[PDB]
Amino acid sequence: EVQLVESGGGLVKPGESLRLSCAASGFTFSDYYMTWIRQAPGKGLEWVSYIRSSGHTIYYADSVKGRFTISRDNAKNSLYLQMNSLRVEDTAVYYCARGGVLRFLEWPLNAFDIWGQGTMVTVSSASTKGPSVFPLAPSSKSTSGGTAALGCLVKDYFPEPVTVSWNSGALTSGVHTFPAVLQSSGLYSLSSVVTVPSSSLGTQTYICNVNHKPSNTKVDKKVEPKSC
């Protein structure tokens, strides 16, 4: 399976160093030139770095020259981005993308067709904190026709992100996981809701699966009508 799997994202204090990894599978990794591409929150895509098929040419965006270092291990089928002297504005989701196959007298037109899943890098002085997961219980009134609403409150966590799934992925239709909001405490808060038939509230179990990898926090919270 042709893919790129990233790793190494996490929370770092300004000035420290962090190293990202990109593992290639399903293709001759040594034939392609690789790139790192990041995206700050609420901003566009930014090209970061480029390394040649075997690393004899390297290029960096001006915002990262002197602090970032790209490298590859063709034997390990891996791509690396060594990030030193990190800054707050370096906070972004980082992607690796495979370019094209350098051939004789031809710059490749087939490029950038395979990316990693992304990894989140947060540069801040604040410390990690796991979230509290509270249920948003369905209405006791509800309706005789149907269509009720239930959800989960993922409150007071840092840093981003948290991932929310319902019924271990078996409930996806009608789910809305809202963008996190930064509370005045410096902590994030996020809600995820789903609309289901009211006739299902007595027959169907609903569980939200909140995951916060930065703090190693996994919580499965049962959401049920209240005792009345």
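Numbering starts at 1 and follows the sequence shown.
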property	result
Mean C-alpha temperature factor, higher of 88 to 96 and 151 to 159	151 to 159
60 to 68 set against 190 to 198, stretch whose average Cα temperature factor tops the other in the entry	190 to 198
Per the PDB entry, maximal CA B factor within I114, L109, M120, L136	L136
Per the PDB entry, maximal CA B factor within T28, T35, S168, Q183	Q183
Third of chain Cα B-factors occupied by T205	highest
Record-listed C-alpha B factor of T172: chain third	middle
Where the record places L81 (Cα B-factor, split into thirds across the chain)	lowest
Third of chain Cα B-factors occupied by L4	lowest
For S21, the third of its chain into which the C-alpha B factor falls	lowest
